[PDB]
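Data block below; observations after.
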Amino acid sequence: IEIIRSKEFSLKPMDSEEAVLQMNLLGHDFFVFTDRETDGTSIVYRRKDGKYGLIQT
Amino acid sequence: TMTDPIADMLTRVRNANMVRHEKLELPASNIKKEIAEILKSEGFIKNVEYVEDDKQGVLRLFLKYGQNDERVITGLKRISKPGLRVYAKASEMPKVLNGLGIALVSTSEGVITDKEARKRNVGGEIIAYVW
Amino acid sequence: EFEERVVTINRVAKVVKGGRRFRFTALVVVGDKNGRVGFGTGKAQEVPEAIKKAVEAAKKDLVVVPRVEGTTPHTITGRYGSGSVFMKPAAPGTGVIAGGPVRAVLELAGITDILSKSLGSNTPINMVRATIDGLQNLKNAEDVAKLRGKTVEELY
Amino acid sequence: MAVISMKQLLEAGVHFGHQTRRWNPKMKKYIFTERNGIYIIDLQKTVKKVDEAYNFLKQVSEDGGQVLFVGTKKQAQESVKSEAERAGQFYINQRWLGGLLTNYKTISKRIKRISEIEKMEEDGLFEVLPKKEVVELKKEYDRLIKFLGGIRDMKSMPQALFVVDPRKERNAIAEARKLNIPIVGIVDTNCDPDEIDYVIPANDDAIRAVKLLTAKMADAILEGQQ
Amino acid sequence: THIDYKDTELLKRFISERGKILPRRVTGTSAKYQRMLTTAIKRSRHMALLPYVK
Amino acid sequence: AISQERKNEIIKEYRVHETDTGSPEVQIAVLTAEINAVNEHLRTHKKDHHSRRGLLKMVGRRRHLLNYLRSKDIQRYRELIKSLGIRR
Amino acid sequence: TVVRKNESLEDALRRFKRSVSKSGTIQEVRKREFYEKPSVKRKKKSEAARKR
RNA sequence: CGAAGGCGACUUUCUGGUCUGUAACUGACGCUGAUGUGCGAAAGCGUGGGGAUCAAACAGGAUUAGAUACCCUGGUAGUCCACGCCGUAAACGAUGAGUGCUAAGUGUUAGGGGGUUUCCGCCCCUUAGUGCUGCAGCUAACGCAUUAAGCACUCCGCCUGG
């Protein structure tokens with residue numbers, strides 16, 4: 001079978017700039033956070049472009 | 001079925017002093033009220049408060065602390081106790097901590113401090129040591 | 001300037017597969033006969049260098065000993081683990097009476113007249129620290145009235 | 001004027017704390033409330049602390065002292081180097097070397113080395129060396145300025161210290177209290193304020209919560225000079 | 001509510017594929033539901049509404 | 001033990017005034033019902049030892065209320081011994 | 001007790017090898033190979049639960 | 001769950017205790033408890049039953065350098081029930097009972113609520129239990145830490161070199 005290793009993270013409120021900083025400090029391509037001003041769950045990601053994209057869930 | 005009330009008072013005060021608490025409350029009495037009234041006159045606590053409730057009205061103590069985060073009451077000891085009551089004449093009525101600390105003593109005038117019992121020339125049951 | 005005084009030197013060997021070890025340690029008491037005393041230990045092999053290792057180690061921890069003159073302010077018992085000294089004030093013409101290790105930590109501050117007795121255990125490491133911990137918890141008459149809020153004459 | 005205004009102080013996000021179930025009970029004074037697992041650092045009271053943090057650090061540099069800046073949390077490493085250069089003080093980016101305030105009679109032995117090893121190859125005595133001994137003399141050279149890079153020009157003890165986290169940098173704070181050096185630091189939830197004398201309650205896992213708060217304390221010494 | 005021991009269909013989703021009892025670790029019920037269940041699953045074993053083994 | 005209609009019956013005679021359950025002689029009488037009920041159970045079940053210290057405890061809580069009742073009025077204690085049969 | 005047909009025998013075994021491992025037969029008779037003491041199985045079950 | 005020993009199919013009868021909530025009622029009626037009086041695992045003992053497995057003693061076969069051990073086959077008392085005894089265990093949380101007081105975090109139990117609901121799901125605050133972490137304080141050190149081995153008061157048992 002295929003085993004998907006889970007990496008647990010606890011969701012936290014921050015700026016998008018902060019999420020970029022923390023994501024780079026781990027080199028992770030995905031960082032999910034709750035937006036500081038919008039209150040919604042946001043996923044900053046690195047595209048295949050190499051540019052950043054922002055998803056709101 | 002706690003068996004010594006004003007020793008339970010006196011270790012509530014010690015345990016609040018250890019964790020730097022500034023506010024606790026007691027199930028009170030007359031002798032609990034008037035021991036707590038005599039610590040603010042000597043200057044160990046800040047201010048005692050009212051007695052209000054329907055049954056055995058509580059009172060609050062307001063401990064007092066040094067300006068460099070030190071504590072005023074450093075050590076607090078009940079001396080007379082059930083099973084062995086200690087009584088002192090006014091002649092050998094002892095000075096606490098070379099006259100520094102006090103010794104509140106139940107005499108036949110109401111309870112009084114260590115200083116106020118020799119010049120009054122009365123003795124009685126010596127309740128506790130406060131230092 | 002500081003006044004050096006030893007307590008004891010010890011001859012300690014730790015067992016090795018080959019030749020065993022030659023560590024000579026020593027504790028000293030450092031004071032100034034005015035109200036400031038510290039202790040410390042020092043581990044070396046050169047014995048006069050093992051002394052001065054302990055002297056400079058005492059220099060980092062000096063405790064201020066409060067004093068009504070010629071004696072100690074009040075009656076205390078020190079505690080550190082098992083060692084426990086007793087400390088009664090005396091008249092100014094009695095002479096300081098004390099045991100082996102506790103005399104050196106009592107002469108190096110200026111008292112020279114107190115009653116004392118080392119209760120409890122016996123090892124010189126603990127009773128010199130159970131005396132400093134006693135002398136740590138002494139209080140003058142003037143600074144208690146600062147905390148208590150009265151004056152020096154109102155306390156009496 | 002005097003303090004940080006209320007708008008840009010919470011725009012950095014310093015009101016966030018760490019998680020509930022991850023709480024220190026001594027920080028009850030500096031917490032306004034918890035909002036969805038997260039606590040709310042009392043914002044009015046930390047303004048009443050950062051001005052007190054501004055008051056002494058003004059007059060520390062008035063005496064001409066040297067304030068040490070340390071930062072080792074990975075999202076706040078290079079936010080303290082750029083503020084120490086603007087301040088002209090001494091920084092720490094990498095880990096605490098383990099004695100650079102206490103066993104610094106053997107650390108200044110190697111600050112003497114970094115004043116010497118770069119002199120050793122700007123002049124001669126470099127062509128005669130074996131080409132792999134050139135490597136380890138340079139492999140020593142960068143690893144000195146990795147850890148002791150901000151202690152490059154520092155030759156004496158400091159007179160104040162500024163920490164970003166007492167949790168991860170607990171080796172530094174334990175050396176501070178033995179030397180009686182006064183201490184100021186950013187604390188939050190999961191931090192003990194007892195060992196810090198001059199307390200700044202602010203967030204710690206955000207960059208603007210560091211950078212818009214560590215810059216004014218770096219700025220606090222510049223107008224204490226003149 | 002209370003499990004009646006005649007209501008077989010809700011009671012036999014809790015029996016195993018041989019006749020054993022599923023633990024509440026794998027089913028997911030609460031504590032007092034599981035032991036109010038087990039005094040009803042075993043009165044239904046006695047009156048042959050459910051087997052002991054299949 | 002005993003049923004509530006048995007228990008509410010026995011608190012009618014020894015009641016001192018209406019809605020005064022918990023009075024000493026109204027909670028000694030309900031003990032003497034519970035004493036006599038359980039040692040009749042225990043008579044035919046001689047091996048039941050865990051129910052015996054339930055008996056021996058409520059023997060003790062009846063004795064501590066009889067000793068209490070003499071200390072404030074003796075004439076009420078004499079009436080309860082005659083009303084329901086106890087020795088001593 | 002499961003019937004497997006319309007296939008080979010090397011695939012009915014793959015059903016049957018996991019229709020026995022999800023049953024109290026092999027782990028049950030290995031337990032009752034020898035009498036254990038009535039207070040050492042309470043610790044044997046405790047070790048088989050604290051590890052989970 | 002029970003005071004401990006302990007207690008595991010299911011049903012009925014008989015019966016003991018605890019917890020929660022309400023506040024109607026009694027008005028210190030409480031706590032501890034020498035002597036005393038009762039419970040108290042197993043192995044035992046008595047009088048009878050019953051005897052399936054297991055199994056001291058015992059018999060035989062192997063191993064080993066050697067056996068009366070370990071291993072294997074077989075096997076009696078016992079294991080089981082009823083009634084009387086015996087009253088001892090590393091009967092151990094190696095920690096007497098009672099009542100207060102003193103950072104927190106986290107599982108779980110019967111709840112109580114709850115907010116919600118769920119297709120019952122849950123996730124939320126709540127007495128009293130039961131665990132795991134961990135300050136102050138304590139300890140000779142390990143460690144203990146609102147289930148103290150912290151701070152107190154009462155009473156009982158007990159120790160003072162091997």
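Residues in the structure tokens are named by chain (A, B, ... in the order shown) and by number from 1 within that chain; ligands are numbered from 1 in the order shown.
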
*Would you list the contacts of residue 47 in chain H as an MDAnalysis selection string, taking every protein, DNA or RNA residue within 12 Å and counting only C-alpha atoms (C1' of nucleotides), but skipping same-chain residues closer than 6 positions in sequence?*
chainID H and resid 82:85

Keeping only N, CA and C atoms (P, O5', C5', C4', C3', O3' and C1' of nucleotides), write the selected residues as a PDB file, in the first residue's frame.
```pdb
ATOM      1  P     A H  82     -19.423 -23.312  49.169  1.00  0.00           P
ATOM      2  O5'   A H  82     -19.957 -24.271  50.321  1.00  0.00           O
ATOM      3  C5'   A H  82     -21.293 -24.741  50.309  1.00  0.00           C
ATOM      4  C4'   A H  82     -21.565 -25.656  51.474  1.00  0.00           C
ATOM      5  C3'   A H  82     -21.018 -25.202  52.812  1.00  0.00           C
ATOM      6  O3'   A H  82     -21.835 -24.231  53.439  1.00  0.00           O
ATOM      7  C1'   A H  82     -20.490 -27.475  52.483  1.00  0.00           C
ATOM      8  P     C H  83     -21.164 -22.986  54.196  1.00  0.00           P
ATOM      9  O5'   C H  83     -20.817 -23.565  55.634  1.00  0.00           O
ATOM     10  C5'   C H  83     -21.813 -24.216  56.405  1.00  0.00           C
ATOM     11  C4'   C H  83     -21.203 -25.073  57.480  1.00  0.00           C
ATOM     12  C3'   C H  83     -20.187 -24.390  58.374  1.00  0.00           C
ATOM     13  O3'   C H  83     -20.787 -23.588  59.372  1.00  0.00           O
ATOM     14  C1'   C H  83     -19.383 -26.521  57.730  1.00  0.00           C
ATOM     15  P     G H  84     -19.944 -22.410  60.057  1.00  0.00           P
ATOM     16  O5'   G H  84     -19.326 -23.098  61.348  1.00  0.00           O
ATOM     17  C5'   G H  84     -18.095 -22.648  61.885  1.00  0.00           C
ATOM     18  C4'   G H  84     -17.287 -23.789  62.446  1.00  0.00           C
ATOM     19  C3'   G H  84     -15.861 -23.449  62.832  1.00  0.00           C
ATOM     20  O3'   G H  84     -15.768 -22.842  64.108  1.00  0.00           O
ATOM     21  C1'   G H  84     -15.866 -25.422  61.551  1.00  0.00           C
ATOM     22  P     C H  85     -15.348 -21.297  64.238  1.00  0.00           P
ATOM     23  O5'   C H  85     -13.781 -21.346  64.509  1.00  0.00           O
ATOM     24  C5'   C H  85     -12.862 -21.412  63.431  1.00  0.00           C
ATOM     25  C4'   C H  85     -11.863 -22.522  63.625  1.00  0.00           C
ATOM     26  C3'   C H  85     -10.408 -22.089  63.606  1.00  0.00           C
ATOM     27  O3'   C H  85      -9.965 -21.598  64.855  1.00  0.00           O
ATOM     28  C1'   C H  85     -10.688 -23.938  62.167  1.00  0.00           C
TER      29        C H  85
END
```

For residue 84 in chain C, find every residue with an atom within 6 Å (counting only C-alpha atoms (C1' of nucleotides)), except residues of its own chain fewer than 5 positions away, and show them as a PDB file with N, CA, C and O atoms, in the first residue's frame.
```
ATOM      1  N   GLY C  78      21.031  27.992  61.196  1.00  0.00           N
ATOM      2  CA  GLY C  78      21.211  27.772  59.779  1.00  0.00           C
ATOM      3  C   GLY C  78      20.885  26.348  59.385  1.00  0.00           C
ATOM      4  O   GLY C  78      20.943  25.430  60.194  1.00  0.00           O
ATOM      5  N   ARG C  79      20.506  26.165  58.123  1.00  0.00           N
ATOM      6  CA  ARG C  79      20.177  24.843  57.604  1.00  0.00           C
ATOM      7  C   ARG C  79      20.706  24.712  56.187  1.00  0.00           C
ATOM      8  O   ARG C  79      20.477  25.595  55.358  1.00  0.00           O
ATOM      9  N   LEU C 119      25.070  21.695  65.450  1.00  0.00           N
ATOM     10  CA  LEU C 119      24.199  20.538  65.558  1.00  0.00           C
ATOM     11  C   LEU C 119      24.225  19.746  64.253  1.00  0.00           C
ATOM     12  O   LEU C 119      24.796  20.175  63.247  1.00  0.00           O
ATOM     13  N   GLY C 120      23.604  18.572  64.273  1.00  0.00           N
ATOM     14  CA  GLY C 120      23.465  17.821  63.035  1.00  0.00           C
ATOM     15  C   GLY C 120      24.760  17.162  62.598  1.00  0.00           C
ATOM     16  O   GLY C 120      25.516  16.610  63.406  1.00  0.00           O
ATOM     17  N   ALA C 130      25.987  25.719  55.687  1.00  0.00           N
ATOM     18  CA  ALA C 130      24.853  25.882  56.587  1.00  0.00           C
ATOM     19  C   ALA C 130      25.077  26.980  57.615  1.00  0.00           C
ATOM     20  O   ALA C 130      24.189  27.225  58.437  1.00  0.00           O
TER      21      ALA C 130
END
```

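For residue 23 in chain A, the residues within 12 Å (counting only C-alpha atoms (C1' of nucleotides), excluding itself and residues fewer than 3 positions away along the chain) are residues 16, 17, 18, 19, 20, 26, 27, 28, 29, 30, 31, 32, 33, 43, 44, 45, 46 and 52 of chain A; 74, 75, 206 and 207 of chain D.
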
Go ahead and write the selection's residues with N, CA and C atoms as a PDB file, in the first residue's frame.
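And here's part_4.pdb as it stands now:
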```pdb
ATOM      1  N   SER A  16       0.701  37.778   5.961  1.00  0.00           N
ATOM      2  CA  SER A  16       1.205  36.992   4.839  1.00  0.00           C
ATOM      3  C   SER A  16       2.736  37.056   4.745  1.00  0.00           C
ATOM      4  N   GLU A  17       3.357  38.229   5.009  1.00  0.00           N
ATOM      5  CA  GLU A  17       4.802  38.438   5.059  1.00  0.00           C
ATOM      6  C   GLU A  17       5.492  37.531   6.082  1.00  0.00           C
ATOM      7  N   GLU A  18       4.855  37.364   7.261  1.00  0.00           N
ATOM      8  CA  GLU A  18       5.274  36.460   8.320  1.00  0.00           C
ATOM      9  C   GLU A  18       5.253  34.993   7.880  1.00  0.00           C
ATOM     10  N   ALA A  19       4.171  34.577   7.186  1.00  0.00           N
ATOM     11  CA  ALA A  19       4.021  33.252   6.615  1.00  0.00           C
ATOM     12  C   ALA A  19       5.090  32.929   5.575  1.00  0.00           C
ATOM     13  N   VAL A  20       5.441  33.909   4.711  1.00  0.00           N
ATOM     14  CA  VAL A  20       6.573  33.831   3.787  1.00  0.00           C
ATOM     15  C   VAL A  20       7.894  33.654   4.523  1.00  0.00           C
ATOM     16  N   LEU A  26      12.103  27.094   6.771  1.00  0.00           N
ATOM     17  CA  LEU A  26      11.952  25.654   6.738  1.00  0.00           C
ATOM     18  C   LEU A  26      12.120  25.087   5.315  1.00  0.00           C
ATOM     19  N   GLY A  27      12.112  25.954   4.276  1.00  0.00           N
ATOM     20  CA  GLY A  27      12.077  25.608   2.849  1.00  0.00           C
ATOM     21  C   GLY A  27      10.962  24.695   2.363  1.00  0.00           C
ATOM     22  N   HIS A  28       9.685  25.053   2.629  1.00  0.00           N
ATOM     23  CA  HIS A  28       8.562  24.112   2.613  1.00  0.00           C
ATOM     24  C   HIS A  28       7.541  24.104   1.489  1.00  0.00           C
ATOM     25  N   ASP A  29       7.535  25.089   0.582  1.00  0.00           N
ATOM     26  CA  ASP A  29       6.623  25.160  -0.554  1.00  0.00           C
ATOM     27  C   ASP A  29       5.130  25.357  -0.239  1.00  0.00           C
ATOM     28  N   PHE A  30       4.711  25.080   1.007  1.00  0.00           N
ATOM     29  CA  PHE A  30       3.391  25.213   1.578  1.00  0.00           C
ATOM     30  C   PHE A  30       3.534  25.760   2.988  1.00  0.00           C
ATOM     31  N   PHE A  31       2.759  26.798   3.345  1.00  0.00           N
ATOM     32  CA  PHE A  31       2.590  27.210   4.720  1.00  0.00           C
ATOM     33  C   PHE A  31       1.164  27.671   4.872  1.00  0.00           C
ATOM     34  N   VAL A  32       0.480  27.136   5.875  1.00  0.00           N
ATOM     35  CA  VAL A  32      -0.912  27.354   6.129  1.00  0.00           C
ATOM     36  C   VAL A  32      -1.022  28.008   7.487  1.00  0.00           C
ATOM     37  N   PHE A  33      -1.865  29.040   7.571  1.00  0.00           N
ATOM     38  CA  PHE A  33      -1.932  29.955   8.679  1.00  0.00           C
ATOM     39  C   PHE A  33      -3.336  30.513   8.646  1.00  0.00           C
ATOM     40  N   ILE A  43      -3.386  29.486   2.744  1.00  0.00           N
ATOM     41  CA  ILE A  43      -2.247  28.662   2.367  1.00  0.00           C
ATOM     42  C   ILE A  43      -1.408  29.461   1.402  1.00  0.00           C
ATOM     43  N   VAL A  44      -0.185  29.842   1.817  1.00  0.00           N
ATOM     44  CA  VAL A  44       0.826  30.438   0.957  1.00  0.00           C
ATOM     45  C   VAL A  44       1.539  29.254   0.364  1.00  0.00           C
ATOM     46  N   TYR A  45       1.785  29.264  -0.947  1.00  0.00           N
ATOM     47  CA  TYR A  45       2.501  28.181  -1.555  1.00  0.00           C
ATOM     48  C   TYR A  45       3.432  28.716  -2.613  1.00  0.00           C
ATOM     49  N   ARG A  46       4.470  27.946  -2.953  1.00  0.00           N
ATOM     50  CA  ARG A  46       5.346  28.228  -4.064  1.00  0.00           C
ATOM     51  C   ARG A  46       4.815  27.472  -5.260  1.00  0.00           C
ATOM     52  N   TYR A  52       5.049  33.001  -5.658  1.00  0.00           N
ATOM     53  CA  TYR A  52       4.165  32.620  -4.591  1.00  0.00           C
ATOM     54  C   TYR A  52       2.729  32.683  -5.082  1.00  0.00           C
TER      55      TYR A  52
ATOM     56  N   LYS D  74      15.019  31.039  14.559  1.00  0.00           N
ATOM     57  CA  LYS D  74      15.370  30.964  13.142  1.00  0.00           C
ATOM     58  C   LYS D  74      14.608  31.989  12.309  1.00  0.00           C
ATOM     59  N   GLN D  75      13.437  32.414  12.769  1.00  0.00           N
ATOM     60  CA  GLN D  75      12.690  33.478  12.120  1.00  0.00           C
ATOM     61  C   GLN D  75      13.071  34.861  12.639  1.00  0.00           C
ATOM     62  N   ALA D 206       6.882  35.822  15.009  1.00  0.00           N
ATOM     63  CA  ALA D 206       6.526  36.633  13.854  1.00  0.00           C
ATOM     64  C   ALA D 206       7.637  37.644  13.607  1.00  0.00           C
ATOM     65  N   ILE D 207       7.867  37.958  12.332  1.00  0.00           N
ATOM     66  CA  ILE D 207       9.019  38.779  11.967  1.00  0.00           C
ATOM     67  C   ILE D 207       8.766  40.245  12.300  1.00  0.00           C
TER      68      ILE D 207
END
```

_Taking only C-alpha atoms (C1' of nucleotides) into account and nothing else, which residues of chain B lie no more than 10 Å away from chain H? Please answer as a list in words._
residues 1, 2, 3, 4, 5, 6, 7, 8, 9, 10, 11, 12, 13, 14, 15, 16, 17, 18, 19, 77, 78, 81, 82 and 83 of chain B

Generate a file of the selected residues that holds N, CA, C and O atoms, formatted as an mmCIF file, in the first residue's frame.
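out15.cif written:
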```cif
data_model
loop_
_atom_site.group_PDB
_atom_site.id
_atom_site.type_symbol
_atom_site.label_atom_id
_atom_site.label_comp_id
_atom_site.auth_asym_id
_atom_site.auth_seq_id
_atom_site.Cartn_x
_atom_site.Cartn_y
_atom_site.Cartn_z
ATOM 1 N N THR B 1 -14.232 19.162 60.720
ATOM 2 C CA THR B 1 -13.577 18.596 61.892
ATOM 3 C C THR B 1 -12.098 18.950 61.960
ATOM 4 O O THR B 1 -11.293 18.211 62.526
ATOM 5 N N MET B 2 -11.751 20.091 61.374
ATOM 6 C CA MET B 2 -10.497 20.742 61.712
ATOM 7 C C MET B 2 -10.533 21.154 63.176
ATOM 8 O O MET B 2 -11.568 21.580 63.697
ATOM 9 N N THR B 3 -9.403 20.987 63.856
ATOM 10 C CA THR B 3 -9.384 20.987 65.307
ATOM 11 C C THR B 3 -8.651 22.167 65.920
ATOM 12 O O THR B 3 -8.735 22.355 67.137
ATOM 13 N N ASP B 4 -7.944 22.963 65.130
ATOM 14 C CA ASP B 4 -7.344 24.200 65.619
ATOM 15 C C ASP B 4 -7.653 25.287 64.605
ATOM 16 O O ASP B 4 -7.045 25.299 63.514
ATOM 17 N N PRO B 5 -8.587 26.189 64.902
ATOM 18 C CA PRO B 5 -8.977 27.211 63.927
ATOM 19 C C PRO B 5 -7.885 28.220 63.644
ATOM 20 O O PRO B 5 -7.553 28.468 62.483
ATOM 21 N N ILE B 6 -7.300 28.808 64.691
ATOM 22 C CA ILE B 6 -6.408 29.938 64.478
ATOM 23 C C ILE B 6 -4.980 29.494 64.203
ATOM 24 O O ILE B 6 -4.097 30.344 64.043
ATOM 25 N N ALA B 7 -4.726 28.188 64.147
ATOM 26 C CA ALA B 7 -3.539 27.679 63.477
ATOM 27 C C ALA B 7 -3.786 27.454 61.998
ATOM 28 O O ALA B 7 -2.858 27.587 61.196
ATOM 29 N N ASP B 8 -5.019 27.101 61.625
ATOM 30 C CA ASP B 8 -5.378 27.020 60.215
ATOM 31 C C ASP B 8 -5.388 28.401 59.580
ATOM 32 O O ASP B 8 -5.060 28.538 58.401
ATOM 33 N N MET B 9 -5.772 29.424 60.351
ATOM 34 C CA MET B 9 -5.583 30.809 59.928
ATOM 35 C C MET B 9 -4.118 31.102 59.660
ATOM 36 O O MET B 9 -3.763 31.704 58.641
ATOM 37 N N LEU B 10 -3.250 30.644 60.549
ATOM 38 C CA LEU B 10 -1.867 31.075 60.547
ATOM 39 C C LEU B 10 -1.027 30.373 59.489
ATOM 40 O O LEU B 10 0.048 30.869 59.144
ATOM 41 N N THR B 11 -1.502 29.258 58.939
ATOM 42 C CA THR B 11 -0.807 28.613 57.837
ATOM 43 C C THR B 11 -1.418 28.941 56.488
ATOM 44 O O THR B 11 -0.769 28.720 55.459
ATOM 45 N N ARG B 12 -2.649 29.454 56.470
ATOM 46 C CA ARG B 12 -3.139 30.154 55.290
ATOM 47 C C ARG B 12 -2.280 31.373 54.992
ATOM 48 O O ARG B 12 -1.993 31.671 53.828
ATOM 49 N N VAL B 13 -1.845 32.078 56.036
ATOM 50 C CA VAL B 13 -1.048 33.285 55.853
ATOM 51 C C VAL B 13 0.363 32.930 55.400
ATOM 52 O O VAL B 13 0.956 33.627 54.566
ATOM 53 N N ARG B 14 0.907 31.818 55.899
ATOM 54 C CA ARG B 14 2.260 31.423 55.524
ATOM 55 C C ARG B 14 2.311 30.914 54.090
ATOM 56 O O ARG B 14 3.260 31.208 53.355
ATOM 57 N N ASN B 15 1.300 30.148 53.680
ATOM 58 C CA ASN B 15 1.303 29.576 52.338
ATOM 59 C C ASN B 15 1.011 30.629 51.278
ATOM 60 O O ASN B 15 1.501 30.518 50.150
ATOM 61 N N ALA B 16 0.218 31.647 51.615
ATOM 62 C CA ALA B 16 0.017 32.762 50.698
ATOM 63 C C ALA B 16 1.266 33.621 50.586
ATOM 64 O O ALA B 16 1.524 34.208 49.530
ATOM 65 N N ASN B 17 2.043 33.707 51.666
ATOM 66 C CA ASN B 17 3.289 34.459 51.655
ATOM 67 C C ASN B 17 4.339 33.794 50.777
ATOM 68 O O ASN B 17 5.204 34.476 50.219
ATOM 69 N N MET B 18 4.280 32.470 50.650
ATOM 70 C CA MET B 18 5.312 31.741 49.924
ATOM 71 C C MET B 18 5.178 31.920 48.421
ATOM 72 O O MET B 18 6.187 31.940 47.709
ATOM 73 N N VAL B 19 3.953 32.075 47.922
ATOM 74 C CA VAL B 19 3.698 32.155 46.488
ATOM 75 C C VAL B 19 3.450 33.604 46.061
ATOM 76 O O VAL B 19 2.944 33.858 44.962
ATOM 77 N N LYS B 77 4.876 31.179 63.360
ATOM 78 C CA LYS B 77 4.881 29.955 64.154
ATOM 79 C C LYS B 77 3.826 30.006 65.245
ATOM 80 O O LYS B 77 3.835 30.916 66.075
ATOM 81 N N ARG B 78 2.938 29.017 65.251
ATOM 82 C CA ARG B 78 1.981 28.828 66.334
ATOM 83 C C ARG B 78 2.651 28.086 67.487
ATOM 84 O O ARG B 78 3.217 27.011 67.281
ATOM 85 N N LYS B 81 -1.073 25.388 71.550
ATOM 86 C CA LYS B 81 -1.771 24.461 70.673
ATOM 87 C C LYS B 81 -2.606 23.529 71.535
ATOM 88 O O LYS B 81 -2.361 23.423 72.740
ATOM 89 N N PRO B 82 -3.639 22.898 70.971
ATOM 90 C CA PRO B 82 -4.385 21.893 71.733
ATOM 91 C C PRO B 82 -3.503 20.708 72.091
ATOM 92 O O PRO B 82 -2.592 20.339 71.353
ATOM 93 N N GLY B 83 -3.750 20.135 73.257
ATOM 94 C CA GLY B 83 -2.888 19.092 73.778
ATOM 95 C C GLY B 83 -1.774 19.618 74.656
ATOM 96 O O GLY B 83 -1.423 18.987 75.653
#
```

So which residues touch residue 35 in chain A within 7 Å, counting only C-alpha atoms (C1' of nucleotides), skipping near sequence neighbours fewer than 3 positions away, as an mmCIF file with N, CA and C atoms, in the first residue's frame?
```
data_model
loop_
_atom_site.group_PDB
_atom_site.id
_atom_site.type_symbol
_atom_site.label_atom_id
_atom_site.label_comp_id
_atom_site.auth_asym_id
_atom_site.auth_seq_id
_atom_site.Cartn_x
_atom_site.Cartn_y
_atom_site.Cartn_z
ATOM 1 N N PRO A 13 -2.299 32.749 13.847
ATOM 2 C CA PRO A 13 -2.626 33.965 13.121
ATOM 3 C C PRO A 13 -1.398 34.769 12.815
ATOM 4 N N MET A 14 -1.263 35.238 11.570
ATOM 5 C CA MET A 14 -0.109 36.022 11.223
ATOM 6 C C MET A 14 -0.346 36.783 9.948
ATOM 7 N N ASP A 15 0.578 37.701 9.627
ATOM 8 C CA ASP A 15 0.612 38.402 8.371
ATOM 9 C C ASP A 15 1.006 37.457 7.231
ATOM 10 N N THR A 38 -7.934 39.124 7.845
ATOM 11 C CA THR A 38 -9.117 38.505 7.222
ATOM 12 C C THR A 38 -9.787 37.422 8.081
ATOM 13 N N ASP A 39 -9.070 36.838 9.065
ATOM 14 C CA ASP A 39 -9.512 35.792 9.990
ATOM 15 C C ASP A 39 -9.652 34.391 9.380
ATOM 16 N N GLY A 40 -9.549 34.275 8.041
ATOM 17 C CA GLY A 40 -9.723 33.028 7.313
ATOM 18 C C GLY A 40 -8.457 32.223 7.208
ATOM 19 N N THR A 41 -8.601 30.904 7.006
ATOM 20 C CA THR A 41 -7.483 30.002 6.764
ATOM 21 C C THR A 41 -6.886 30.255 5.395
ATOM 22 N N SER A 42 -5.569 30.511 5.353
ATOM 23 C CA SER A 42 -4.841 30.861 4.155
ATOM 24 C C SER A 42 -3.683 29.899 3.989
#
```

_At a cut-off of 10 Å, using only C-alpha atoms (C1' of nucleotides), what residues contact residue 89 in chain C? Leave out same-chain residues fewer than 6 positions from it and give the result as a list in words._
residues 98 of chain B; 68, 70, 71, 72, 73, 74, 75, 76, 96, 111, 113, 114, 115 and 116 of chain C

Distance table requested - chain E against chain G, cut-off 10 Å, only C-alpha atoms: one row per qualifying residue with the closest atom pair and its distance in Å to one decimal, ordered by chain and rising residue number, as CSV.
```
residue,atom,partner,partner_atom,distance
E:16,CA,G:23,CA,9.5
E:17,CA,G:23,CA,9.1
E:18,CA,G:23,CA,8.3
E:20,CA,G:24,CA,8.9
E:54,CA,G:1,CA,8.0
```

Got time to write the residues from that selection, N, CA and C atoms, as a short mmCIF file (atom, residue, chain, number, x, y, z; two decimals), in the first residue's frame?
```
data_model
loop_
_atom_site.label_atom_id
_atom_site.label_comp_id
_atom_site.auth_asym_id
_atom_site.auth_seq_id
_atom_site.Cartn_x
_atom_site.Cartn_y
_atom_site.Cartn_z
N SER E 16 -19.05 -9.28 15.81
CA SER E 16 -17.97 -9.43 14.85
C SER E 16 -18.42 -10.24 13.64
N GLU E 17 -17.49 -10.44 12.71
CA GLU E 17 -17.70 -11.29 11.54
C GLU E 17 -17.61 -12.77 11.87
N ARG E 18 -17.37 -13.13 13.13
CA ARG E 18 -17.47 -14.50 13.60
C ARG E 18 -18.43 -14.67 14.77
N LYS E 20 -17.73 -12.48 17.78
CA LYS E 20 -17.08 -11.80 18.88
C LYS E 20 -17.64 -10.39 19.04
N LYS E 54 -19.72 -18.30 14.77
CA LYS E 54 -20.40 -18.72 13.54
C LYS E 54 -19.64 -19.86 12.88
#
```

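Residues within 9 Å of range 28-35 of chain D, counting only C-alpha atoms (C1' of nucleotides) and excluding same-chain residues fewer than 2 positions away, are residues 15, 16, 17, 19, 20, 24, 25, 26, 37, 38, 39, 40, 41, 42, 43, 45, 46, 188, 189 and 201 of chain D.
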